[PDB]
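S.K.: Take a look at the following structure, please.
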Amino acid sequence: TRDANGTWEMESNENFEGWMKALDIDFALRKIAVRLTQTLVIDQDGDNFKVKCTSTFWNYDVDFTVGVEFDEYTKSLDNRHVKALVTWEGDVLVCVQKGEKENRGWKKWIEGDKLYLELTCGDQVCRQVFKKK
Ligand SMILES: *C/C=C(C)/C=C/C=C(C)/C=C/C1=C(C)CCCC1(C)C
């Protein structure tokens, strides 16, 4: 319920292109990223997280300690500097990324076998569902 450890296989991905567009990802690369199968690998140890979301051409990596603000440079995404902070709101893992973009961050709900991930930027929300492999 608070345990996010695992290798996570995607089963659905809603409004992916609206969220990428809100981040200003190149329209060309958007309709490549649309094609790619993603595997989310989470290593969680106490407060310390290592998140690795992987695909053929394109990976997103982040490591953080819950409750410790960190500078994040989204080099493989929109290549912006944000002030990221990840915390627990109940059993909901919440990341707020302060910077140019408003309403920017993500949330993870872990429901036994299922991981629900909502990514937000501006007025767009991308809803993803992964299953533990
Ligand atoms: C808790 C899980 C998180 C924060 C996972 C985030 C994953 C991404 C931001 C993935 C982004 C990607 C693209 C938009 C294009 C294709 C490659 C991806 C899947 C790494």
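Residues 1 to 133 in PDB author numbering are what the sequence shown spells out, letter by letter. Virtual Cβ for every residue (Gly too), placed ideally from N, Cα, C.
1. Keeping to the same chain, check which residues put their C-beta closer than 8 Å to that of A84; ignore five residues upstream and five downstream.
2. Can you find a heavy atom of ligand 1 that lies under 8 Å from the Cβ of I25?
3. With a floor of 3 residues, list each beta strand (DSSP E) that falls wholly inside the region 14 to 72, ordered by position along the chain.
4. Taking the straight line between their C-alpha atoms, what separation do you get for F49 and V66?
5. How about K108 and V82: do their beta carbons lie closer than 9 Å?
M.R.: So, to answer that:
1. Here the set comprises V62, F64, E69, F70, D71, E72, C95, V96, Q97, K98, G105.
2. Ligand 1 has a heavy atom closer than 8 Å to the beta-carbon of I25.
3. Runs found: 39 to 45, 48 to 54, 60 to 65.
4. Using only the alpha carbons, I get a separation of about 8 Å.
5. The Cβ-Cβ distance between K108 and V82 does not fall below 9 Å.
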